[PDB]
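Listed here are the chains, written in short residue letters.
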Amino acid sequence: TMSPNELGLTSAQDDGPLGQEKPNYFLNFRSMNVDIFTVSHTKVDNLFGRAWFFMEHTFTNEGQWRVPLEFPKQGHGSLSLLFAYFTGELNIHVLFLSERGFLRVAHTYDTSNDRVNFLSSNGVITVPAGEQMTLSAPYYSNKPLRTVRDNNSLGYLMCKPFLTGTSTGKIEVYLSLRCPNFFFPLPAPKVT
Amino acid sequence: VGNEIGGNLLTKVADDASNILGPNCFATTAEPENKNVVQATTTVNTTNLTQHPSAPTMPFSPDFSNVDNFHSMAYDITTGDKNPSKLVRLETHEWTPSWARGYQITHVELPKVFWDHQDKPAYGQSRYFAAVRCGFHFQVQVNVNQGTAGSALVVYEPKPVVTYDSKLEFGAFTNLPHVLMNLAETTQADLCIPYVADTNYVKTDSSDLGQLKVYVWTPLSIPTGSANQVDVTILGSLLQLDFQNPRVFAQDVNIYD
Amino acid sequence: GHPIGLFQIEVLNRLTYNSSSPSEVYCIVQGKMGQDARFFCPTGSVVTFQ
Amino acid sequence: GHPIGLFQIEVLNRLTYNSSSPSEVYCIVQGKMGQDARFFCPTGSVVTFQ
């Protein structure tokens, strides 16, 4: 039968270990699970499998653009802030807004600035002007885990455009991840 | 009977008058999460007694193996443990050619020499224990060019010998674990010495285990052109180590009577 | 959207005490989802965290 | 002969109390031999009992 513990009478100091799926009942109540869709939208793989805006850059010349990639404190991706460590594939969505040219894109977790001077070794997929690509950067991280908060939690992204004439433009960036491994959930964030 | 009996009566009475809809009340009685118990925890030479314990906690689906499966440190897991038994340089000295037979080249206080400086692998632990019981493995090294010749006596002298050293006849020291090592023939001597004393344990930071010495069997015959600076080095390893008596940091404690 | 409901904690029996015990105590209210909890559509953000 | 060792009892957490309880208590230290205790040679006496 039902114990008084499952009826509401408990002790907060007896909750450890963390993660106790204890059932709560009353005479007219029972945990009822109802699913409205064929799958879950709470699973890390599904939720995060959907991109979210990151930042935009306007380029008037080929100069290279390197930006630290970090988890959002803004979109649905904020749900990541509930975790401390991450590891796994990283989907980067880049849009090249230009009239005539090409955009070199590359990703590295390496903090050294110089390693990115010769962009070709790193990757540098090519998005023709007016096209958008989605490259999935692997976990080539020199650190087993990525503190999820760091201003560079995610590796740096490189964008250099091979323009042809006076043409200029702007590069919008969106980020998403493939199968994410989060660990050791930390306390919920505050609001600004 | 009572006060334990109530969940059943209420649960039952509710049960008896139940109609088509069912009972209109359920009652369950049991013991509180915070029961009258006592917990005891023991770590190395420690015991924590608590009479008001609480449910221990821990992270989600935790792994306490504590072993890095990637081996970011490619060392034997027991490296830190065995570290203090590691081979180390106990002494170095330059034999002077003029020295007569039977002269003492160099000596090392045993066993406190393994904690000779704070830079000794064993110095760390040796501090937190007053008693010691260990075995030794010495390797006295002496290098000399082929042109030169000579011989040194590497011998282990227990406290008994060290005490009455002058009363003993040199040339008979070959009765003790030694290595008459003829230069120009051997560059190193090996000596395996077990725990030797008249007491089960020796005070840490003491010379009671005796001391290893190096004498002049036959003085160095160094030709004219040949070099004249021969160095004698004493290396030591602990075949087996054992620190028992706990004590304050490096405080002289008397294990003896 | 719409509130979850009205939450009220009324006094039933005055907190009793004695010479060496407090005449008033502190209380904490926590909240969590049930074992049948579910979330469905991800939407935009209404606030910015830090 | 040589002492058995240094015996020290330090305070870890101040003895708490209330209006009707003592602010300090009495303590007693007893001593006995373990189940592996043994004595060996009988010797002369160093003191005289009564």
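Residues numbered from 1 in each chain as written, not as in the entry; some residues may be left out. Chains lettered and ligands numbered in written order. Part of a larger assembly, values for the part shown. Heavy atoms only, no water. Residues with missing side-chain atoms left out of burial classes, pairs and counts.

- In the PDB header, X-ray crystallography is given as the technique by which the entry was determined, and 3.09 Å as its resolution.

1. Observations concerning the arrangement of the chains
No. 1: Most contacts, when the four pairs of chains in contact are compared, are made between chains A and C.
No. 2: Taking C-alpha atoms only, the smallest gap left between chain A and chain D, which are not in contact, amounts to 21 Å. (Contact = heavy atoms within 4.5 Å.)

2. Topic: the interface of chain C and chain A
No. 1: Counting residues at the interface gives twelve residues for chain C and 24 residues for chain A.
No. 2: Of the roughly 1800 Å² buried where chain C meets chain A, counting both sides, 51% is carbon and sulfur surface.
No. 3: Ranking the residues of chain C by area buried against chain A places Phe40, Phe49 and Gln50 of chain C at the top, with a combined share of 37%.
No. 4: Taken together, chain C and chain A are joined by one salt bridge.
No. 5: The tally of links from chain C across to chain A stands at twelve residue pairs in polar contact.
No. 6: A class-by-class count of the residues in the side of chain C that touches chain A yields six nonpolar, four polar and two charged. (Buried area = accessible area lost by both parts, 1.4 Å probe. Salt bridge = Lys/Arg side-chain N within 4 Å of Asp/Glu carboxyl O. Polar contact = N/O pair within 3.5 Å; in protein donor to acceptor, adjacent residues only side chain to side chain. Nonpolar A, V, L, I, M, F, W, Y, C, P; charged D, E, K, R; others polar.)

3. Considerations on the interface of chain A and chain B
No. 1: Contacts between the two partners involve 17 residues from chain A, matched on the other side by 16 residues from chain B.
No. 2: Roughly 1400 Å² is buried in total at the junction of chain A and chain B, and carbon and sulfur atoms are behind 62% of that figure.
No. 3: Considering only the surface of chain A that becomes buried against chain B, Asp14, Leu18 and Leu27 of chain A emerge as the three largest contributors, covering 34% of it.
No. 4: The interface formed by chain A and chain B contains zero salt bridges.
No. 5: Our count for the contact surface shared by chain A and chain B stands at seven residue pairs in polar contact.

4. Some points on the pairing of strand β9 (residues 154–161) of chain A
Looking along a regular strand, one sees side chains alternate from face to face of the sheet.
All names here are of chain A.
No. 1: Among the eight residues that make up β9, seven are buried, leaving the element largely enclosed by the rest of the structure.
No. 2: Across four bridges, the pairing between strand β2 (residues 65–69) and β9 is antiparallel. If you follow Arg66 over to β9, its bridge partner there is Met158.
No. 3: Sheet analysis places strand β5 (residues 102–108) next to β9, joined by six bridges and oriented antiparallel. Bridging across to β9, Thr108 finds its partner in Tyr156. (Buried < 20%, exposed > 50% of the residue type's maximum accessible area, 1.4 Å probe, protein only. Helix = DSSP H or I, 4+ residues; strand = E, 2+ residues; numbered from the N terminus. Pairing = 2+ DSSP bridges.)

5. What about the nonpolar core?
No. 1: Residues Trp95, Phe114, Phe136, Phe138, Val140, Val154 and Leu212 of chain B are the most contacted members of the largest nonpolar core, which totals 41 residues.
No. 2: Ignoring sequence-local partners within four residues, the contact set of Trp95 of chain B consists of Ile105, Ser151, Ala152, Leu183, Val216, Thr218, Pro219, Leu220, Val230 and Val232 of chain B.
No. 3: By size, the runner-up hydrophobic cluster in this structure holds 29 residues, among which are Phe59, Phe86, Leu135 and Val173 of chain A. (Core = buried A, V, L, I, M, F, W, Y, C linked by side-chain atoms within 4.5 Å.)

6. Some details on the pattern of salt bridges
All names here are of chain B.
No. 1: Here the structure, examined in full by the defined rule, presents nine salt bridges over all chains.
No. 2: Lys112 is paired through a salt bridge with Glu109; the nearest N and O atoms lie 4.0 Å apart.
No. 3: Residue classification places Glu109 among the partly exposed residues on the basis of a relative accessible area of 32%.
No. 4: A salt bridge links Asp252 to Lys203, with the shortest nitrogen-to-oxygen separation between them at 2.6 Å. Of this pair, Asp252 sits in the segment after β12 (230–240) while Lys203 sits in strand β10 (residues 202–203), and the two are 49 residues apart along the sequence.
No. 5: Through salt bridges with shared partners, a single network forms among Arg127, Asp205 and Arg247.

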